[PDB]
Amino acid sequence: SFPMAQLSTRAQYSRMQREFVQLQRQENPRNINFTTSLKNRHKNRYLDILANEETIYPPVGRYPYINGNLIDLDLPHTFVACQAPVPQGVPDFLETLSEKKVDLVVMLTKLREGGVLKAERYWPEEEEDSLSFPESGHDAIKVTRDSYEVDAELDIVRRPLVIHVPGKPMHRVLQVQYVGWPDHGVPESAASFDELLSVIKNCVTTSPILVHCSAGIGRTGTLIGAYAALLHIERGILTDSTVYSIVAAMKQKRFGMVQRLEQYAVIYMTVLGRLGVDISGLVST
């Protein structure tokens, strides 16, 4: 049923490599409508990382913008993939979480790796109870505590938060941050990765689950991709091109989803692993 499992390790890698090359050229950057994203340059974290118009989220007089995309792959859950909000854009980020009543937010990045700036903190830390954006101005959005827990072994923090948008009811939202996943890289422990997938699957919600990391593309797509393929496994619909298509569909919805061969590999390894295939052979990069 899954011909990739019968391939020799060398052939698996080779196969993932030429699959990925094909997936990379699938989308032509210069041929996509990036209109709203380009009008919000000042809220974009990176110059080259832009949200596709056709799937932009929130959907398009004041329009909140988060450089995000709706990722609907016909599963129990739909997802929002976006960058980490820049300061000027946090009010829009927070507002959206409240407006769209998003129950879960997953963050796959640290604020800084080494001292490279990756993200902007939008939750109270020790020992604050309240954070406001922008906090000088009149109509401002508040983020207060609701409690937190830290799983030191899995490098996963859970932060229950409350967002207070002026003129609107409180909105509680749970963020889960994983800090054992370096930009352009792979999860530092299978168990962390699995906990994340488990947290997504076990979430009851009628709103998209929002997933971001710095640019909201590499780790972001890897995680969403892995969730999808597992789902296909549980529904006994696993096919030889399952991983490939899931990633292809993701790249179509948000340019760049899954940045590195290594990340692509993680998705396959999640699949192979759940089918009781031995991973050691290829995990060795």
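Note that residue numbering follows the sequence shown and begins at 1.
The deposited sequence places 1 to 3 unmodelled residues between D146 and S147. Coordinates are lacking for 4 to 9 deposited residues between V60 and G61. 125 to 133 and 108 to 116 differ in mean CA B-factor, and the higher of the two is recorded for 125 to 133. The mean Cα B-factor in the deposited entry runs higher for 163 to 171 than for the other of 163 to 171 and 179 to 187. Comparing the C-alpha B-factors of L50, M257, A228, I32 in the entry, the top value falls on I32. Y13 sits in the highest third of its chain by CA B factor, as recorded in the PDB entry.
Residue-level temperature factors show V150 in the middle third of its chain, judged at the C-alpha atom. Among the modelled residues of its chain, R235 has a C-alpha B-factor that falls in the highest third according to the deposited record. Residue-level temperature factors show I141 in the highest third of its chain, judged at the C-alpha atom. When all modelled residues of the chain are sorted by CA temperature factor, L272 is found within the middle third.
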